[PDB]
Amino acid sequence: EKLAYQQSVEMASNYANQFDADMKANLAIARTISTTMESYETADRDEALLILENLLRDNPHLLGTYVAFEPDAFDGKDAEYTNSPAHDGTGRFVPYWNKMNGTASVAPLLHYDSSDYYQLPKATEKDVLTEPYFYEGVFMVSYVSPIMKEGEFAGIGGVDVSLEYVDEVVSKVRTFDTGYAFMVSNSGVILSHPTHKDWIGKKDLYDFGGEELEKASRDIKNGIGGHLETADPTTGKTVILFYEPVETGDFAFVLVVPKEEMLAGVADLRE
């Protein structure tokens, strides 16, 4: 027993759930930014900006806040704002308020005609917690929510988090003697890691090499929690991965437990 397994699951789950609180709340902020923009008649760009700016300022964990509208969708005055502060050649209302370099500036969004953070919500007309991407230097993840104006898609409202935040938080976690933990996106990209920050956002469970690892990639794409045995990459010692879904977005929290250390666990139960 084997109630060893039972107990790692239970913890894996606990964590996954703590990180759900965090991610549920972020999305709530986006859903609220957008339900609001749906209800916004005035359509004063500065007032918007204020809202954005102030939600960033008041939510320190947030990489940035933003709104982005379809051509003229915001206030019909797109050709007016062309090239003014916080816009681009288009004059579309696409203001991104962000801490991207300690400094809390605002700037226009980039590639909103091609990036998930916009296109997925436009295609699905539903909320999204995007896969991690490398946007203009930083690896972040966006919680975006479509602004539906009377059954018609007017654009998005969102907020960002950096992986660098995530990893800071996750690599804290320890278990047993050598055991740790990492998050992973819904397609199994690596979101955090205690000793190889070079993997973050660059490798997904398919690169970790093995074929059982491809199995668990499917469980996590479906938000199913399970476990495997596998050799650590940097050393051949068998470890057990316990992944458990993070409900919003269906990411996965993976707990790494050294196969040994569990035999050591069970031993310490003989008297």
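Residues carry their position along the shown sequence, with the first being 1.
- Set 211 to 219 against 27 to 35 and average the Cα temperature factors; 211 to 219 ends up higher.
- Averaged over CA atoms, B-factors in the entry run higher in 76 to 84 than in the other of 76 to 84 and 187 to 195.
- Highest C-alpha temperature factor among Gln119, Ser171, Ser142, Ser145 per the entry: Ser171.
- Per the deposited record, the Cα B-factor of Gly226 falls in the middle third when ranked against the other modelled residues of its chain.
- Annotation for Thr175: CA B-factor lies in the highest third of the chain's modelled residues.
- The deposited CA B-factor of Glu150 belongs to the middle third of values across its chain.
- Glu53: CA B factor lies in the middle third for its chain, per the PDB record.
- Residue-level temperature factors show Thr124 in the lowest third of its chain, judged at the C-alpha atom.
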